[PDB]
Amino acid sequence: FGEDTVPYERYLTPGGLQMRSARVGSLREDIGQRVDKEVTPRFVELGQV
Amino acid sequence: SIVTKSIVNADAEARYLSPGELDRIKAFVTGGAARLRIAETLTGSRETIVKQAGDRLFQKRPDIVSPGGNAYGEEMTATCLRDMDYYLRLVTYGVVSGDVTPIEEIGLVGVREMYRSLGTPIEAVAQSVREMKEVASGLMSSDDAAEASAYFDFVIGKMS
Amino acid sequence: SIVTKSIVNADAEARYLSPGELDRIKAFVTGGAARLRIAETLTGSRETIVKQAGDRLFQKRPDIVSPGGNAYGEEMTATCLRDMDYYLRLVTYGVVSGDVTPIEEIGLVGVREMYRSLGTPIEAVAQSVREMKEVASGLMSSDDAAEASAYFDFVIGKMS
Amino acid sequence: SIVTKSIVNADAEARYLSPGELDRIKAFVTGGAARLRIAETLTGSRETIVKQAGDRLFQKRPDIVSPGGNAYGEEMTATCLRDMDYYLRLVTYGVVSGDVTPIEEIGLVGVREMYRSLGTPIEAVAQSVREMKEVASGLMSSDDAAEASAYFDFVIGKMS
Amino acid sequence: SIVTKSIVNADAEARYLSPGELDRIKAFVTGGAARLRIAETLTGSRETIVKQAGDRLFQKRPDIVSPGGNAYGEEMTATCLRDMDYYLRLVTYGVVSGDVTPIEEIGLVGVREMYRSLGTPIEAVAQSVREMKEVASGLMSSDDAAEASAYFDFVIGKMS
Amino acid sequence: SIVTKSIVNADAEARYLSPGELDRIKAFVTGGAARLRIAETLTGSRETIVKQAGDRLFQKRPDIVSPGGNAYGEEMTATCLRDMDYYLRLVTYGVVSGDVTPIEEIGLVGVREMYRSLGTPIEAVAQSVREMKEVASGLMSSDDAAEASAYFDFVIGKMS
Amino acid sequence: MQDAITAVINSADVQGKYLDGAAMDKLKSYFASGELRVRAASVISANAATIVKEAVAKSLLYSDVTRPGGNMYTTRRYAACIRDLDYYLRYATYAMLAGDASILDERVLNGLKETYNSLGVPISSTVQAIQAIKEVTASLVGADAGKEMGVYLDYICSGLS
Amino acid sequence: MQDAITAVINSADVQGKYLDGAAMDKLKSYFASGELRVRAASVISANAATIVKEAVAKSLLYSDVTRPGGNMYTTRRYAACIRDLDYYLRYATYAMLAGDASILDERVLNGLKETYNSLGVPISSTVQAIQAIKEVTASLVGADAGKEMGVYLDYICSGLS
Amino acid sequence: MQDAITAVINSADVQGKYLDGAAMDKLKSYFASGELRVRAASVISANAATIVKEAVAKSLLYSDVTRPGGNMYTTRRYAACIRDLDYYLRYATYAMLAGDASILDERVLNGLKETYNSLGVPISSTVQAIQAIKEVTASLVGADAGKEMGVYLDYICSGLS
Amino acid sequence: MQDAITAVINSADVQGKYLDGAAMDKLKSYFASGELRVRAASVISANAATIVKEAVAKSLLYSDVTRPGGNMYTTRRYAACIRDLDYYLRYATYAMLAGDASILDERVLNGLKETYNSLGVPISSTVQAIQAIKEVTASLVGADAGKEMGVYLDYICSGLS
Amino acid sequence: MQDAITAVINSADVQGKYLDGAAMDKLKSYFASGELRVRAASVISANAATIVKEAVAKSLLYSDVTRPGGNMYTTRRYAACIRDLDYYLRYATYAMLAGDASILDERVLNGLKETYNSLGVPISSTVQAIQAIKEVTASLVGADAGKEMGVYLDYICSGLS
Ligand SMILES: *[C@@H](C)[C@H]1/C(=C/c2[nH]c(/C=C3N=C(/C=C4\NC(=O)C(CC)=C4C)C(C)=C\3CCC(=O)O)c(CCC(=O)O)c2C)NC(=O)[C@@H]1C
Ligand SMILES: *[C@H](C)[C@H]1/C(=C/c2[nH]c(/C=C3N=C(/C=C4\NC(=O)C(CC)=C4C)C(C)=C\3CCC(=O)O)c(CCC(=O)O)c2C)NC(=O)[C@@H]1C
Ligand SMILES: *[C@H](C)[C@H]1/C(=C/c2[nH]c(/C=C3N=C(/C=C4\NC(=O)C(CC)=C4C)C(C)=C\3CCC(=O)O)c(CCC(=O)O)c2C)NC(=O)[C@@H]1C
Ligand SMILES: *[C@H](C)[C@H]1/C(=C/c2[nH]c(/C=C3N=C(/C=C4\NC(=O)C(CC)=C4C)C(C)=C\3CCC(=O)O)c(CCC(=O)O)c2C)NC(=O)[C@@H]1C
Ligand SMILES: *[C@H](C)[C@H]1/C(=C/c2[nH]c(/C=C3N=C(/C=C4\NC(=O)C(CC)=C4C)C(C)=C\3CCC(=O)O)c(CCC(=O)O)c2C)NC(=O)[C@@H]1C
Ligand SMILES: CCC1=C(C)/C(=C/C2=NC(=C\c3[nH]c(/C=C4\NC(=O)[C@H](C)[C@H]4CC)c(C)c3CCC(=O)O)/C(CCC(=O)O)=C2C)NC1=O
């Protein structure tokens with residue numbers, strides 16, 4: 001920070017980041033889980049005219 | 001539909017519909033809500049019916065998905081499950097219409113000649129629709145399972 | 001290892017290593033060259049052992065790879081061959097260590113619960129390890145085949 | 001029984017029965033007429049339920065009667081139907097007694113060791129008693145099937 | 001409650017709750033309106049039962065209000081009637097809970113040591129709860145009187 | 001989104017959102033239909049934009065697809081077109097969100113280090129994004145082109 | 001232990017047969033008497049200490065056992081004796097709720113005769129105490145529930161003797 | 001934090017896909033609800049302190065919490081609880097504007113229960129104060145927007161309890 | 001532990017007052033939902049293993065964690081992970097039957113974060129596994145009781161975080 | 001951090017005496033190895049980015065980790081993975097120059113498992129990435145100096161274990 | 001226990017003398033036999049479940065003891081019986097490796113007969129079951145070690161009969 005900059009939170013502990021972003025909300029689908037690319041099935045695609 | 005059957009009979013007779021026939025559309029109208037409930041149940045559970053029936057069909061008849069079979073590849077397996085989706089949609093049409101007339105008129109006349117031209121085992125198609133009946137009766141209530149299985153047994157009888 | 005077992009048995013009764021444990025460790029050291037040769041030929045032929053034993057397993061038990069089976073499909077077949085390669089690697093670890101405790105600590109504790117959760121027939125996994133035993137025993141001398149088949153039969157006993 | 005488990009809890013805590021569990025025993029006594037009615041209709045239909053469930057079992061899993069299965073032969077299928085008859089008798093015993101304690105202390109714990117020594121597939125016999133509970137729920141009334149299906153599902157869970 | 005007892009026992013045995021406890025839980029759930037009605041009856045008559053039973057105790061046993069007695073003094077008698085209100089509140093807790101665990105965990109563990117310290121006669125406390133039982137049973141209907149007096153005699157039995 | 005930016009600013013100020021920011025959110029909410037139209041046009045024409053812009057890129061900079069180039073070969077060219085499709089997808093995300101925040105979060109932070117480690121010319125990636133901007137601006141309406149060109153030129157400026 | 005329904009279920013399981021009318025008659029008898037058993041158990045648990053104190057007053061007090069040198073003289077000994085008496089009452093209540101005396105002849109009478117012979121406890125005096133308990137319960141809870149209690153209580157007497 | 005648009009974009013990005021029909025349907029639903037969200041945010045930003053002051057009047061005042069021995073006794077503790085309810089209402093307004101609870105999980109509920117357990121703050125009383133805030137906001141804002149605010153305030157209650 | 005009954009009893013008891021209708025309606029609501037809780041618990045107890053099976057298949061299988069170097073690589077650690085998910089499912093069934101999340105932070109959550117931090121267990125991966133359990137049991141049981149089950153599953157996740 | 005020289009000085013200093021002959025032999029062994037250590041450090045410091053490029057192309061590229069849904073998908077996460085591999089290469093060069101792994105114990109393995117578990121970083125995939133770094137470095141520098149680098153790279157891997 | 005090699009050591013301990021030739025030749029005979037003993041023990045260790053399965057299949061299967069009314073009818077009784085047979089096979093393996101029956105005399109023949117008389121276990125059924133153990137082991141290994149197995153199994157016959 002210079003002579004004009006208010007301090008701000010720059011770094012976190014891993015435990016603090018886990019508290020912030022390991023709850024049920026605000027946790028991404030691809031953090032600790034295999035993401036299967038879901039797709040419309042090929043038989044439904046053939047059944048679509 | 002039974003209104004279409006009665007109106008065809010009355011028009012070919014060149015008369016008006018008898019009070020017994022007016023009772024036919026009357027009772028059909030009263031049963032319409034339950035028929036719509038059964039068809040909506042099948043429509044909501046559409047993909048699960050087709051997938052489980054396909055897996056159990058391929059378990060009971062492994063040769064059709066073996067190499068050299070009619071449905072070896074993934075695209076041919078998709079065509080199998082697509083035919084199954086066609087027949088499930090026809091079954092829902094028959095459940096809504098209250099009779100087997102749309103099922104017969106759309107996908108049961110010339111089905112033997114079509115699948116003979118395609119080289120497709122018609123008895124295994126019948127087994128597939130039987131597995132569809134089993135999965136639908138599994139995830140449907142018993143009286144509604146009997147109501148759907150009437151049309152399912154009509155399809156099996158036309159295949160066999 | 002045998003060294004670990006001897007040190008643990010001495011330390012449990014709080015003494016230095018006994019002459020019997022020294023003789024056992026000396027036998028372990030002298031047999032180290034032969035054990036290293038067995039592990040070397042196993043890890044050199046690790047691909048053909050898994051290939052031939054998987055082929056013999058899938059010929060003898062087609063139900064696990066037929067549709068409806070646990071390993072039906074190319075991805076599940078590759079996963080089964082990966083499991084067979086994992087157990088062959090653990091067999092090489094046990095051959096190097098001179099006993100069965102690395103195989104026990106890595107891949108034989110909770111194996112029944114794991115494969116029950118996976119839905120895999122544990123007797124068919126034991127049949128796969130038995131085919132690996134036969135193929136590997138055909139690739140060595142008689143004493144080396146017996147020595148490796150000791151660890152293989154330990155894996156058979158833990159699976160069945 | 002639920003009465004003997006209540007008095008086991010009572011002398012485990014080393015005092016007389018609580019008023020809540022006394023009224024609970026009263027509720028069990030008043031419902032025991034309905035449980036005994038379920039016992040009458042089940043022991044009346046003790047043959048047709050097990051025969052239809054066995055036919056459904058052989059229709060679902062033809063590999064039992066195929067070569068490679070455990071129950072190959074007329075005496076083997078007779079003993080399989082005898083096992084299903086014993087388990088149906090145990091479910092009726094549990095419906096009479098009000099708890100899963102008689103099934104547990106007759107034929108439900110140690111069933112893993114039982115069918116491991118027999119070679120019998122535990123998931124296959126779980127599927128067989130699942131078909132038993134489906135045919136039983138088909139033949140019962142709604143409240144009676146809801147009462148018996150909890151004990152049946154406990155058999156499914158502890159024998160899966 | 002019985003829910004807490006069953007969950008605690010199943011947790012100690014490291015198992016799910018069986019249907020033999022689940023039917024007990026749902027029976028306790030369904031038979032709740034009578035206990036609720038007794039609870040609002042008791043908390044409607046929460047004052048007058050305490051007043052009449054305190055009057056009956058101090059007329060039956062004047063040694064409590066005798067000089068040199070434990071409750072000699074107006075504030076001592078006020079705290080005695082407050083203790084009667086406490087145990088009536090615990091009886092309402094047990095009635096609305098359907099179990100003896102709230103009375104046991106709040107005002108039965110350490111009561112003997114507590115009144116052994118304070119010098120208050122434990123048999124006279126039991127007489128006070130018995131007199132509250134008689135006043136409440138006179139005030140309310142006979143089956144509800146038996147249901148409330150069940151918890152009341154549990155309290156006086158744990159007292160003496 | 002701009003809603004996310006306004007909420008983040010108001011949270012940093014520890015106050016409720018200013019009515020100017022409410023009017024900004026109101027204007028974005030009303031104008032989101034045009035943004036959805038732009039994103040729908042880009043999604044529908046995602047393949048022709050990538051193909052034509054890749055052809056114009058490879059004609060303008062032949063060194064990257066000549067031998068010795070970073071994208072020489074059919075699989076490397078497919079990977080380059082996959083990167084262009086990725087950036088067009090991020091442009092659609094930014095058009096939907098109404099700001100450059102998802103574009104910067106997903107595909108601009110560390111892009112210089114990533115392409116420096118890969119050896120890919122970042123100036124030629126910027127040229128590819130510029131040709132994608134030109135083809136998209138030719139393919140949509142002029143106000144839509146001016147709206148999408150802000151996000152496109154943001155990507156141009158952050159790459160350059 | 002083994003109550004009435006598990007007893008008839010075990011009798012059926014030994015022959016390997018489903019439950020028929022020859023056990024279901026006793027099962028209907030148990031379910032007809034069940035609320036009688038529960039109400040009698042409620043009354044006995046209500047008056048449990050009073051039954052013991054009237055029983056020792058009418059059978060055990062002012063006797064040679066509570067004289068010095070007797071088998072009920074010291075305070076620990078008297079506390080142990082009344083502990084045995086309401087143990088017998090509570091386990092008889094358990095058997096009365098169960099419908100069978102498996103709990104009585106097993107978790108009370110496993111080695112009770114041998115330990116009383118080793119200690120020197122008078123078996124006849126304990127039988128008189130149990131008969132006093134039976135008379136108090138019969139006079140306190142009724143005729144049919146009283147004789148249902150008396151069956152298990154003189155079963156305890158036969159186990160002691 | 002994420003809004004509804006950011007959640008849709010993140011889901012499509014994790015799938016590696018463009019905006020399909022269902023994603024555009026969710027975007028259209030959020031753009032339909034944005035008018036009500038803006039109006040509710042303006043109403044709450046007007047009546048910020050009023051919701052809190054009759055919420056503590058409904059739920060907290062004239063009780064043992066306010067009385068000595070209670071956790072909200074001193075003026076410092078009262079101003080602390082007023083500030084906490086102001087923060088809860090403002091962050092619920094943030095979540096109602098965004099259409100997601102990501103800001104609630106990131107900046108409120110992270111360690112909030114551990115903080116209140118360390119400080120001795122009554123969880124049940126704080127929850128009841130948030131229910132009072134929910135009732136006052138539902139009475140003051142409307143039906144659908146008040147229900148949305150109630151959903152996010154009940155999310156705060158579930159994360160705190 | 002506390003269920004809803006003991007929870008409202010202690011909430012009345014800490015203020016020392018009797019049961020009023022604003023507390024009696026809580027017991028009435030619990031007795032309204034009790035049969036739903038019993039039927040959902042019976043379904044989950046019947047299908048306890050397959051919930052974990054399809055949850056691990058949905059979330060954890062073929063990921064980084066089962067590969068060499070991952071936390072559930074060896075069969076011992078895989079069986080420990082299945083055991084942990086069985087623990088979470090059984091205690092969440094207990095919390096759903098009780099109607100109060102006391103057994104979760106009283107027998108699961110009070111030290112499990114420290115234990116997982118000491119073991120190196122990925123807490124976010126366990127959270128995703130519990131979310132997979134929630135989706136599987138919501139599809140299996142139904143929305144109405146699946147929401148109540150998911151409340152305690154998110155309680156377990158929030159305690160783990 | 002401690003090298004071999006500071007380890008010898010530490011071991012003599014906590015004894016309080018001067019360097020005896022065994023200390024001289026250890027120092028001469030380190031000075032003999034120092035030529036190879038300096039040459040290997042110079043080669044790695046020159047071709048620092050090429051090793052990371054080859055290892056990422058060998059182990060991480062064209063996989064599900066760098067595909068959408070993986071943790072190396074987003075380009076900030078890709079640049080973070082590149083920075084982490086530069087961290088491992090640079091601190092392994094530091095540990096090779098020191099002849100000891102105290103630098104890795106103090107700045108590299110200090111809570112790295114907790115950091116990666118909180119972020120969601122694949123432990124198995126980063127172990128394979130460090131293995132690819134080990135193979136590329138052993139190919140670049142030689143058998144002996146590559147083995148010397150691989151000792152500390154496997155130390156970083158076993159710290160990640 | 002004590003082995004065959006320690007048997008002559010214990011006999012010389014009782015006699016207070018060194019080894020004499022009448023024990024030297026027996027020790028040399030044990031040294032000559034020990035490799036086939038330890039290898040046959042290895043073989044039956046590898047195939048240990050098959051001995052129990054075939055013994056149950058050809059001795060106890062379809063009999064009065066396993067039909068209703070039998071002492072091996074129920075699933076618990078079957079599991080206990082196959083566990084007893086597995087323990088019998090394991091201790092017979094121990095003896096045939098060790099050269100002495102002291103392991104059976106101490107760790108099996110302590111009170112097994114009296115426990116079987118207490119449980120009502122059919123002694124003749126166990127004797128024909130261990131005859132089946134003899135036949136399966138002699139078929140698996142061969143008669144050269146089959147008679148050596150049958151010596152200790154006849155020791156089991158004499159102890160249990
Ligand atoms: C008089 C001021 C108090 C009092 C006494 C009282 N006691 C009894 C009866 C009995 N007391 C005992 C106790 C003991 N016997 C022993 O041998 C010993 C240890 C040495 C003790 C502690 C017994 C056994 C009896 C029963 C009579 C018997 O001995 O057989 C009574 C009679 C009560 C009755 O119902 O008969 C009385 C009146 N009671 C008081 O209120 C004063 C405190
Ligand atoms: C092959 C002999 C049999 C078989 C195999 C099969 N395995 C799986 C899936 C998995 N198996 C494991 C087991 C291990 N992981 C380890 O690290 C070790 C020890 C080194 C073992 C033993 C795991 C973890 C999986 C999951 C895959 C993953 O990596 O996450 C399958 C797939 C089942 C599925 O539902 O995906 C199969 C088919 N099946 C057979 O029929 C043969 C008997
Ligand atoms: C039928 C559902 C499946 C199956 C059957 C099968 N059973 C047997 C034989 C036996 N089964 C038992 C089990 C029990 N006996 C009991 O009394 C009880 C408790 C009530 C149980 C659980 C036993 C002991 C036998 C052996 C017969 C005996 O008593 O001697 C067999 C024959 C095994 C063999 O190898 O000969 C079979 C095949 N197998 C299937 O595939 C069906 C799914
Ligand atoms: C095309 C305009 C230019 C070009 C491209 C090129 N890229 C790669 C390799 C990769 N690029 C990425 C980048 C991204 N991943 C993301 O998720 C995003 C944002 C959504 C970006 C921008 C990645 C990950 C790779 C690695 C591929 C993989 O999936 O493993 C290559 C291949 C280089 C190689 O050595 O294989 C190429 C050729 N090259 C050009 O010359 C054009 C300028
Ligand atoms: C009282 C009716 C008569 C009496 C008896 C007497 N009892 C004891 C002490 C004991 N009582 C028991 C009985 C049981 N313990 C149990 O756990 C159970 C099952 C529920 C029973 C039935 C036992 C085992 C003892 C032994 C020691 C003990 O206190 O546990 C004594 C004391 C013996 C001594 O002094 O050591 C006596 C004298 N005597 C009479 O005169 C009454 C008629
Ligand atoms: C020891 C420090 C301390 C303070 C200061 C304190 C203040 C305090 N004043 C209150 C109310 C109040 N205080 C007043 C008093 C006043 N109104 C006027 O007009 C006068 C100017 C003024 C007093 C001179 C009134 C009227 C209320 C009630 C407001 C309401 O209920 O709407 C309340 C809420 C009622 C309750 O106690 O539940 C508190 C907590 N509590 C504390 O523990």
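Every chain is numbered from 1 and lettered A, B, ... according to where its sequence line falls, protein lines coming before strand lines.
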Task: Residues of residues 9-26 of chain G contacting chain D, heavy-atom criterion under 4.5 Å, by residue number - done: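 So the qualifying residues are G:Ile9, G:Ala12, G:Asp13, G:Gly16, G:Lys17, G:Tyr18, G:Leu19, G:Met24.
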Open item on the list: For D:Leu22 versus G:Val38, what's the shortest heavy-atom pair and its separation?
Closed with: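 Distance-wise, the nearest heavy atoms are O-CG1, 3.6 Å.
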Just wondering, do [Y] and [X] contact through their side chains at under 4.5 Å, heavy atoms?
X	Y	value
G:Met1	D:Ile7	yes
D:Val3	G:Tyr30	yes
D:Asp11	G:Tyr91	yes
G:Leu97	D:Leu17	yes
D:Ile25	G:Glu35	no

Task: Sub-6.0 Å ring centroid separation between G:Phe31 and D:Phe28 - done: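 So the answer is yes for these two rings.
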Task: Atom group of D:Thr92 that falls short of 4.5 Å from chain G, counting heavy atoms - done: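 Side chain only.
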Task: Contact class of D:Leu90 relative to chain G, heavy atoms under 4.5 angstrom - done: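 Neither the backbone nor the side chain of D:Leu90 comes within 4.5 Å of chain G.
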Open item on the list: My understanding is that only residues two or more places apart in sequence, or in another chain, count here; which of them pass side chain to side chain donor-acceptor pair (under 3.5 Å) with D:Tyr87?
Closed with: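 For D:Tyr87, no residue satisfies side chain to side chain donor-acceptor pair (under 3.5 Å) once neighbours in sequence are set aside.
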Open item on the list: Looking only at the side chains, is there a donor atom on one of D:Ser1 and G:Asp3 sitting less than 3.5 Å from an acceptor on the other?
Closed with: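 Distance-only check passes for D:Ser1 and G:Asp3.
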Task: side chain to side chain contact (heavy atoms under 4.5 Å, CB included) evaluation trace for G:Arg37 with D:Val29 - done: CA-CA 11 Å; G:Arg37 294 163 186 277; D:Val29 162; over 6 Å; no
Task: Part of G:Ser45 lying under 4.5 Å from any heavy atom of chain D - done: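 Both parts, heavy atoms under 4.5 Å.
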TODO: Answer with side chain, backbone, both or neither: which region of G:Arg107 has an atom nearer than 4.5 Å to a non-hydrogen atom of chain D?
DONE: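 For G:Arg107, side-chain heavy atoms alone lie under 4.5 Å from chain D.
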- [ ] Supply the atom-to-atom distance G:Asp100 CG to D:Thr4 OG1, rounded to the nearest 0.5 angstrom.
- [x]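 G:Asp100 atom CG to D:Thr4 atom OG1 measures 10.0 Å (nearest 0.5 Å).
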Taking [atom1] in [X] as the centre, count heavy atoms belonging to other residues, nucleotides or ligands within less than 6.0 Å. Is the count above 12?
X	atom1	answer
G:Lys53	NZ	no
G:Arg83	CZ	yes
G:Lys28	NZ	yes

Task: Most chain D-contacting option - heavy-atom pairs closer than 4.5 Å, from G:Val8, G:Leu89, G:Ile44 - done: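 Answer, by heavy-atom pair count under 4.5 Å with chain D: G:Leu89.
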- [ ] Could you have a look at D:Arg46, D:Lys26, D:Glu40 and say which one has the most heavy-atom pairs with chain G under 4.5 angstrom?
- [x]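 Option with the greatest count: D:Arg46.
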